[PDB]
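Structural overview
Here is what each chain is made of, one letter per residue.
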Amino acid sequence: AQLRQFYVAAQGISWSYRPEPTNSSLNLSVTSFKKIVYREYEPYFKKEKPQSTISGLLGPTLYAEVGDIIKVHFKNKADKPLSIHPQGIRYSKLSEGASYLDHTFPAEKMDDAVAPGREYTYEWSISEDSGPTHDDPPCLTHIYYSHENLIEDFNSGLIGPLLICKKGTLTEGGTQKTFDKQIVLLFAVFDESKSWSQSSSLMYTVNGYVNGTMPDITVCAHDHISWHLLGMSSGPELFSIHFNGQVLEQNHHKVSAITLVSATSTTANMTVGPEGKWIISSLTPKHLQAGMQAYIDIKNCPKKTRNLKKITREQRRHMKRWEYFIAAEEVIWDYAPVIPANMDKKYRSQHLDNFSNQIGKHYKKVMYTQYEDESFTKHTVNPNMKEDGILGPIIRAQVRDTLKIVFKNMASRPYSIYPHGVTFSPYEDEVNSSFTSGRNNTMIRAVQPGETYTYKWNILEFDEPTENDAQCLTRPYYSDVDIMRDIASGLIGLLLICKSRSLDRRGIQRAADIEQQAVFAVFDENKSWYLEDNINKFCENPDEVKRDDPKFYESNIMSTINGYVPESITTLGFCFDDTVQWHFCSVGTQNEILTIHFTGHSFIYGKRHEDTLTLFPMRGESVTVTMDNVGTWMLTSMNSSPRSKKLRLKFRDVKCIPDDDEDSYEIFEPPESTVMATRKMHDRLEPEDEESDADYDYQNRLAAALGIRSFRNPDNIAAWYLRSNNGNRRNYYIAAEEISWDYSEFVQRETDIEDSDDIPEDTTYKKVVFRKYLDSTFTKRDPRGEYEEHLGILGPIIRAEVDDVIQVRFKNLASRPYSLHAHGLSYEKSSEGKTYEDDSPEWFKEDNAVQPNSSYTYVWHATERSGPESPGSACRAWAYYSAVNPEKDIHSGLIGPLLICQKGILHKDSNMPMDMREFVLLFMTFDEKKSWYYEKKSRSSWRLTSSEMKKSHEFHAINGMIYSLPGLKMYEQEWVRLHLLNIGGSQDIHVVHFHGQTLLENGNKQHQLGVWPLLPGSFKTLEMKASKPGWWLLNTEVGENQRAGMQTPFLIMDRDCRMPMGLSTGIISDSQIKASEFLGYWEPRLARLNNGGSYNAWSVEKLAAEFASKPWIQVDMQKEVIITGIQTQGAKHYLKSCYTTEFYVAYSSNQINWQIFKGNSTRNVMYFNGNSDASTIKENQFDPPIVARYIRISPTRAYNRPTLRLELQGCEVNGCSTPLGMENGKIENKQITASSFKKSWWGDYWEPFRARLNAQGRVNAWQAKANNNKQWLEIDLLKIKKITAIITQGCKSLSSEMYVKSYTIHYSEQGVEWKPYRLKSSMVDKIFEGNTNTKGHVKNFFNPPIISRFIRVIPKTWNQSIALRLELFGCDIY
């Protein structure tokens, strides 16, 4: 419950990018840079903290436990305004530091920009729902920075960690209990060109140190450590950190490489091993050449040395000849193999053969070849094993299988090998570290061209992966001499860290029948060590050497998959009910990443069945696909020209007829023959069939341990295929049709207060967008309700259920063909829509293309592996798009979500899944040069793409529109679901950040993450739990996209928006009640709910016939308000039943453009509902609340006279004018003080302690003792609050009434004082207008709110007495 007070300051530190403690060159410092950073101070800024060395510009580290507060006492000592902005849920509008359009008063604008040489005070509060609190890591990490200028105030060196932790861990010194260290690492890129002192800089630093000049950080050996890896850069960078020789554990995944994208952070743990130096490598092929790393030296502290189990429990020893005698060679390589079916013209007759005498016959291509003999006298296989081809030398490592790597360099250059996540033994280095010790304890890394060598490491059962990880981990191994040059030469393999899966010393696996190796390498011959043996030596046209030319240079860029370019001419055939296991990885001198769409099936991923994998550069991943379909399919990547339409691997999934191995070309080894016949899978040894590795007779010691001991103790067609699926079908009628569409919705009267913003692009653009119609015969559409206001460009949400069956009658209506393609779903090739080779005549090709003005009816089947796993969640998002040309279609607008929810989620609202809010958002940047309707020579510049506005034709949209995206409205403290998707703009990884909010995952039931990184292809379902009302801001915190256009001001409102908007009270005067048609004589100024008299309903003139037309009454508000319901009522004089039954509602913010859609609205199908009898107050609710100035209702069907009385239910503007609790009872009577509890001597007592609005009983107001202009009513709010508005009233006693008429307001500070309320733009006090009638209310507003907890009300001029019932509308500030 403590308060983490913190003193910070910002000063201009002259900072070179390296440290040096000398003199001669340390006065004349040749290189330097101006910088502004964060430096912590002792209280009152007298002294200054030590500022440990390893943190160069990384500012002070803030921290807290769940429950405490933070009072950062900022003080800007630099010469430009600055601020501080953390990440999470805490900040109210005066402690967030960001200055955007949120409609706040000049009081809460001070935190946004602190002038140079001025103080402030930042206060936060770590709630119970912003911390981990469960199986999350012991405690998380967030980055705090400057929000005044997200680009000029970061590269100037303004950043710092914010390390919030879990209740019960953090000590007083700011260090965890069990952990022995608290390290923080800032991988960053400080572009000094976009900085305060704009000088060019090629800086790829870490903490402010370049090329690895950071001083060595060191710890002891065999202890537990805690990491905190930040990362931040203006541009969209990527940091694939790698810990050499060690293993980490983030997110319960025993990973050996942590990936961070810009403006993100994470925490992780590891236990250090024996001593010896190490390196923190950055795997990204760009952060390598640049040069950035650290050093991990390990000391030897004389405290304790552990002694644990060495042998594998004395039974699973497995000590035999299962070592590996690998080597290197330079054999001939055919990228397209010898005489394939699908020949290629480029690589054959221009790059291998002597046809037109290009090179010769030979490629000098190195590869790790595997000899099975020790003496290196024979390869293991010269031909192939019927299904491998180039399945690499498989290195399967498990507990003590005598894994010895014998190595015989037989090449013409120094080479080596280097695995991943494999600690070395000091007998042989197995790494190219600098300090290779002397001849005594030697550690050799390279091998000269002709030598031999011997490595040594056999893993034991001491680093088994977590159960949440995959079955068989996969890791590469390559030549560590020069990575980019050696891998290009062709040195790479797979190192498989499986589990205790050995049944025999041959090493077969279980739980995965068939396995296939697939890596995505890209051999850049221009960076190979045999280009000279390609053009220089072996050649016949070197006459004028082809080089430095776009043709020749890019022609030898051979991006392949397992080397072989053309095709696996044997498509990967399979059986049914099998569980194939795949191993994925990728290398190549290229920064970008890949995503591998898996057409047709899906694979388990942490018990979720995802269908797209984003594999990162130079680190692998393993999946498991199941055979539950029949037909041909694909495995494709889709990023851009060289890889999208190229990387494909066709593979069957079939059997015919029994199991397909009686007369066919897939004879496996069961062999599905007569059951009485012999083959593999039936190898009965002496004892019995496969049980284990045979050992002692019984060896009673057959207990499996826990790992580490628990120690410390007309084409109107329909669907046709739904015959055997036997489904609970659900029908939809989509279409596709052109439309005009311009992203900029703020100039569409959203936030266009300006009048001179010159449009820098085209006015609008012609897209093609999905729609939703009502039946098989079209032209009867379904308009987008209030729910679908934020969809923007996405089609209709196609919802479903587990084990359902979907029928979709797509019907193209555009100029070129289109189609559909689901994801993670089940269908047939005649229900796929993808364009490639099939297994039938153009009968299965009926869906592959939907010609214009026609229609096809797909049949999709959502099975068990297509539903939302991870019981912590409810619905599972997905996507569908026009997959005829998947790159130019999605960039045209044809994209939509496809949700799948569990069994039970659907209400009697057409049975479409409902019962929990959900916003769907597709973060994507739209390119107009990749669409179909891209008129090339636009009217700005025809030569280049608007050379006058270069690259102005790419729009960073947030789900359609830009800067506006209206429709995002949530309550306070309500669980809303979010389906964030990203498949359009691939190479741009996005990180989603809501202001003042903390997201959440499920499955493992707990994950906060602060902000989430959207991987291009992932489908993420999260939960929000909105925090506080006001105008917040949704964006992506990559500073060069937040300013580019990805920022939407979503809205949190109050959680009690149920207050009358003035109809019954009297706020809404009768000067603004209109009517088109009328009912007799009953003036509409008398349409007030619960109004008595003789005429109490709506009319102006006489009707004489009213049953068919739809008259209307129009209420005005004079300001934009919220409306969350309506309170209907019936009228009569003595004998008119006269009630309305059905009635719809319109609304408008301009009185001209009306949106009549809340009657037959979203939750409704095509109707609304109303009253049931005479005066019995009946009310309805607008589930998505509406917000408009004018509102107009129209009754259709009533009882013999369509009358009504209406009363509205809304809230306010800033969005926190909630009842402070007077009438609610949330305030007790001990927060009200005044002068006299005025009593008579022949009657009652006049209580200034019952000033409740609309509370009834005895004298329930404050008639002061004696009349004078010097009484008052003082309210002690018990904590400083923002007092927004006031409502006065009048009182009486059964007789002549009297009431206040005009009052002034004296208020206080935190303490006891009283000061007048001088009008902002005046020189004297402000005067208010009190009541005018007895019971009617009057609302008075404050131009700036009164931020206090003392407030006095001065009755200045009144009517014959002081008397009022009072209610303040305030806000719970902190």
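Residues numbered from 1 in each chain as written, not as in the entry; some residues may be left out. Heavy atoms only, no water.

Per the deposited record, determination of this structure is attributed to cryo-EM, with the resolution reported as 3.3 Å.

**Here's the deal with the overall build of the protein**
The test is simple: Numbering of helices and strands starts at the N terminus; helices are DSSP runs of H or I of at least 4 residues and strands are runs of E of at least 2. Relative accessibility under 20% of the residue-type maximum defines a buried residue, over 50% an exposed one, and the middle range a partly exposed one, all with a 1.4 Å probe and only protein chains included. Here the open area of atoms and residues is found with the Shrake-Rupley method and a 1.4 Å probe, where only the protein chains shown may cover a residue. Only four residue types enter the charge count, namely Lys and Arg as positive and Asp and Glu as negative; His and the chain termini do not. To locate a charge, take NZ of a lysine, CZ of an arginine, CG of an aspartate or CD of a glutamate.
Tallying secondary structure elements over the protein gives 7 helices and 68 strands in all. Based on the C-alpha atoms only, the size of the protein along its principal axes is roughly 120 × 90 × 80 Å. Looking at the protein residue by residue over its 1374 residues, the buried ones come to 54%. When the accessible surface of the protein is split by element, carbon and sulfur atoms take 52% of a total near 63,900 Å². Distance between charge centroids for the protein: 6 Å, based on 160 positive and 171 negative side chains.

**Structural notes on the packing of aromatic side chains**
What counts here: Only centres within 6.5 Å qualify two rings of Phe, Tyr or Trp (six-membered ring in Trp) as a pair; their planes then separate them into stacked at under 30 degrees, edge-to-face at over 60, and tilted for everything else.
Scanning all chains against the criterion turns up 57 aromatic pairs. Ring centres 5.1 Å apart and planes at 90° place the aromatic pair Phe6 and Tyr63 in the edge-to-face group. Taken together, the positions of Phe6 in strand β1 (residues 3–12) and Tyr63 in strand β3 (residues 62–64) put the pair 57 residues apart, joining distant regions of the chain. Given a relative accessible area of 4%, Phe6 falls into the buried group. Summarising the aromatic geometry, the rings of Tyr122 and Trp124 are spaced 6.0 Å apart at their centres and angled 55° between planes, so their arrangement reads as tilted.

**Considering the pattern of salt bridges**
So the rule is basically this: The term salt bridge refers to a pairing of a side-chain nitrogen on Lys or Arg with a carboxyl oxygen on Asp or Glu at a separation within 4 Å.
In total, this model carries 49 salt bridges according to the counting rule given. Among the ionic pairs, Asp112 bridges to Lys109, the shortest N-O distance being 3.8 Å. Salt-bridge contacts for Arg506 lead to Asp683; the nearest nitrogen and oxygen are separated by 3.5 Å. Of the two residues, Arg506 sits in the loop between β25 (492–497) and β26 (515–520) while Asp683 sits in the loop between β33 (636–637) and β34 (729–732), which places them 177 residues apart along the sequence.

**Considerations on the sheet that holds strand β32 (residues 621–626)**
Applicable threshold: A strand pair is defined by DSSP finding two or more bridges across the two strands. Interaxial angles span 0 to 180 degrees and are taken between N-to-C directions of axes, which are lines fitted to C-alpha atoms, for helices over the stretch in contact.
With mixed pairing, the 3 strands of this open sheet are ordered in space as β26-β29-β32. Each end of this open sheet is capped by a strand with a single partner; those strands are β26 and β32. Strand after strand, the sheet turns through a mean of 25° between neighbouring axes, direction not considered. In this structure, β26 lies alongside strand β29 (residues 579–586), joined through 6 bridges in parallel fashion. Bridge assignment links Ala518 to a residue of β29, and that residue is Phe584.

**Topic: a negative patch on the surface**
Quick note on the threshold: Grouping into patches uses exposed residues only, defined as over 30% relative accessible area, and leaves out salt-bridged ones; the cut-off is 9 Å for like charges and 5 Å for nonpolar side chains (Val, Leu, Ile, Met, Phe, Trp, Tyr).
Taken together, the side chains of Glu754, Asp755, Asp757 and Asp758 make up a negatively charged region of the molecular surface. Tracing the backbone shows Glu754 in the loop between β35 (734–741) and β36 (765–772). Owing to a relative accessible area of 33%, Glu754 belongs among the partly exposed residues under this scheme.

**Here's the deal with the nonpolar core**
Selection rule: We call a set of buried residues a nonpolar core when its members are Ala, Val, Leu, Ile, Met, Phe, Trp, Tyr or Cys and they connect through side-chain atoms within 4.5 Å of each other. Here a residue-residue contact requires only that any non-hydrogen atoms of the pair lie within 4.5 Å.
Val72, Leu825, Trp860, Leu898 and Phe923 are the most contacted members of the largest nonpolar core, which totals 108 residues. Here the element with the most residues in this core is strand β43 (residues 918–927); it accounts for 7 residues. Aside from chain neighbours lying at most four places away, what touches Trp860 is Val805, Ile806, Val808, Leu820, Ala822, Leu825, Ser826, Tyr827, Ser831 and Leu898. Judged by nonpolar contacts, the second largest core, of 73 residues, contains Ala221, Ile258, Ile298 and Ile487.

**Remarks on the sheet that holds strand β31 (residues 612–615)**
A sheet is described by the order of its strands in space; here 3 strands give the open sequence β31-β30-β33, paired in antiparallel fashion. One side of each edge strand has no neighbouring strand; the edge strands of this open sheet are β31 and β33.

**Things to note about unusual backbone geometry**
Between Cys656 and the following residue, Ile657, the backbone shows a cis peptide bond with an omega angle of 0°. By the secondary structure assignment, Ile657 is in the loop between β33 and β34. Cis rather than trans, the peptide bond between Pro670 and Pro671 has omega equal to -5°. Topologically, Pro671 is positioned in the loop between β33 and β34. Within the chain, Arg712 stands out as a residue other than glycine whose phi angle is a positive 70°. With respect to the helices, strands and loops of the structure, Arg712 is situated in the loop between β33 and β34. Take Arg712: its relative accessible area is 83%, and that puts it in the exposed class. Even without a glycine there, the phi angle at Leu965 is positive, about 30°. On the secondary structure map, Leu965 appears in the loop between β44 (954–958) and β45 (969–970). With relative accessibility at 2%, the residue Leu965 sits in the buried group.

**A word on the environment of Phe33**
Considering the arrangement of structural elements, one finds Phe33 in the loop between α1 (24–27) and β2 (36–40). Not counting the four nearest positions on each side in its chain, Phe33 is found in contact with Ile13, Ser14, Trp15, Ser16, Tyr17, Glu192, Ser200 and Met203.

**Concerning the state of the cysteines**
Heads up, the condition is: Note on terminology: disulfide denotes any pair of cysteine sulfur atoms within 2.5 Å.
All chains considered together, the criterion is met by 6 disulfides. In this model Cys472 forms its disulfide with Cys498; the gap between the sulfur atoms is 2.0 Å. For the disulfide bridge between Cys472 and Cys498, the dihedral angle about the S-S bond is near 120°, and by the sign convention the bridge is right-handed. Here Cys472 is found in the loop between β23 (453–454) and β24 (473–478), whereas its partner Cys498 is found in the loop between β25 and β26, with 26 residues between them in sequence. Disulfide partner of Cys875: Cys901, at an S-S distance of 2.0 Å. Taking the sign of the S-S torsion, about 105° here, the bridge from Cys875 to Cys901 comes out right-handed. Of this pair, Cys875 sits in strand β39 (residues 875–876) while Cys901 sits in strand β42 (residues 900–901), and the two are 26 residues apart along the sequence. Take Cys875: its relative accessible area is 2%, and that puts it in the buried class. Along the protein, the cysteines engaged in disulfide bonds are linked according to the scheme 1-2, 3-4, 5-6, 7-8, 9-10, 11-12 when indexed in sequence order. This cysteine, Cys575, is not joined by any disulfide, and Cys656 carries the nearest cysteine sulfur, 11 Å off.

**Let's talk about the UniProt feature "disulfide bond" in the protein**
The condition that has to hold: UniProt positions are given in the numbering used here, feature names are shortened, and annotations may be inferred rather than shown by experiment.
Structure remark: disulfide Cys575/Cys656 (UniProt) not confirmed, S-S 11 Å. One can find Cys575 in the loop between β28 (557–559) and β29. Structurally, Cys656 can be placed in the loop between β33 and β34.

**Digging into the side chain of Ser622**
Just so we agree on the cut-off: Here a polar contact means two N or O atoms within 3.5 Å. Within protein one must be a hydrogen donor candidate and the other an acceptor candidate, and residues neighboring in sequence count only if both atoms are side-chain atoms.
Residue placement: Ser622 occurs in strand β32. On the basis of relative accessibility, which here comes to 13%, the residue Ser622 falls in the buried class. Polar side-chain contacts of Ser622 include one of 3.4 Å to the backbone oxygen of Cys472. At a separation of 3.2 Å, a polar atom in the side chain of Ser622 contacts the main-chain carbonyl oxygen of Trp582. Apart from the residues within four sequence positions on either side, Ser622 is in contact with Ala470, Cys472, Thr474, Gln581, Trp582 and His583.

**Points about the environment of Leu1278**
Along the polypeptide, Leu1278 turns up in strand β64 (residues 1273–1288). You can call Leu1278 exposed: its relative accessible area is 53%. On a C-alpha basis, the gap between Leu1278 and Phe1249 in space is 16 Å, while along the polypeptide they are 29 residues apart. Sequence-distant contacts of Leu1278, defined by excluding residues within four places in its chain, comprise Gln1231 and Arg1349.

**Remarks on the side chain of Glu887**
Relative to the elements of secondary structure, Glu887 occurs in helix α6 (residues 886–890). It is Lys930 that comes nearest to the buried, bridge-free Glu887 among opposite-charge side chains, at 5.5 Å. If we skip the residues at most four places from it in the chain, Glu887 touches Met638, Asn639, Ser640, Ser644 and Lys930.

**A word on a nonpolar patch on the surface**
Together, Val1165, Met1166 and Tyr1167 make up a nonpolar patch on the protein surface, roughly 330 Å² of accessible area in all. Residue placement: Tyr1167 occurs in the loop between β58 (1140–1148) and β59 (1178–1188).

**Thoughts on the pairing of strand β67 (residues 1338–1359)**
Where β64 and β67 come together, 11 bridges link them in antiparallel fashion. Paired with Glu1274 across the two strands is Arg1352, which belongs to β67.

**Points about the environment of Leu825**
Mapped onto the elements of the fold, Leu825 is located in the loop between β37 (805–810) and β38 (856–861). Take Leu825: its relative accessible area is 1%, and that puts it in the buried class. Placed 458 residues apart in sequence, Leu825 and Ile1283 show a C-alpha to C-alpha distance of 54 Å. When near neighbours in sequence (up to four residues on either side) are disregarded, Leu825 contacts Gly600, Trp860, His861, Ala862, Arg865, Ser866, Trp878, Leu898 and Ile900.

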